[PDB]
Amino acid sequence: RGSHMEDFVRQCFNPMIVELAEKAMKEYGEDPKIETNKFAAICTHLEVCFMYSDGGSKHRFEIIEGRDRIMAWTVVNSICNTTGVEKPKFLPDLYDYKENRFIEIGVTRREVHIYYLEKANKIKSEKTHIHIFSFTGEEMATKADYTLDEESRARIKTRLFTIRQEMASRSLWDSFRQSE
């Protein structure tokens, strides 16, 4: 109770995003008021996913991240049962209607190389595209296919470095970087 991080998080992110992160955490046992670095990470992840879907066309993406567990899986099965793609082992973040694949978004506080390797080994189902973002500005996509145009990805990187800065200016950055 009474952490600087928790007050910064609800100040940095959109209320609807904070609410979705809150609900997503409690659904999986975590508590936003003690596990505040996770709380911070979940909002960043959520916002990155939303900006990602904001790239490209209006019908381009179907957002899986943000929905509750059961409806998310329901949309996945509908997407698999209509497009023929194989159902993924873990819940993905997006489905690309133009490129006919699921997308797994990553936000990491280490060199993009390791995190990609870990998530590429977490699913091992292939097909499911992986797109990794770092807080420094590095990105990382399967087959070097970065899906969106450069300007849409540059927006995401810019926002990620703004979050890093606001955290450091309040001295929460170092603890946040170590929590992963």
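Residue numbers here begin at 1 and follow the sequence given.
Student: Quick check on the record: does 168-176 or 154-162 carry the larger mean Cα temperature factor?
Tutor: Result: 168-176.
Student: Averaging CA B factors per stretch from the PDB record, which one is higher: 122-130 or 53-61?
Tutor: Comparing 122-130 with 53-61, the higher average CA B-factor belongs to 122-130.
Student: Name the third of the chain's ranked CA B-factors that contains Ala40, choosing lowest, middle or highest.
Tutor: It belongs to the lowest third of the chain when residues are ordered by C-alpha B-factor.
Student: Going by the recorded CA B-factors, say which third of the chain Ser78 sits in, lowest, middle or highest.
Tutor: As the PDB entry reports it, the C-alpha B-factor of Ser78 lands in the middle third of its chain.
Student: Going by the CA temperature factor in the PDB record, which third of the chain does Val112 belong to: lowest, middle or highest?
Tutor: According to the entry, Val112 has a C-alpha B-factor in the chain's highest third.
Student: Just say lowest, middle or highest third for the CA B-factor of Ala141 relative to the other modelled residues in its chain.
Tutor: Ranked within chain, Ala141 CA B lands in the middle tercile.
Student: State the tercile, meaning the lowest, middle or highest third, of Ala72 with respect to the CA B-factors recorded for its chain.
Tutor: Within its chain, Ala72 is a middle-third residue by C-alpha B-factor, going by the deposited values.
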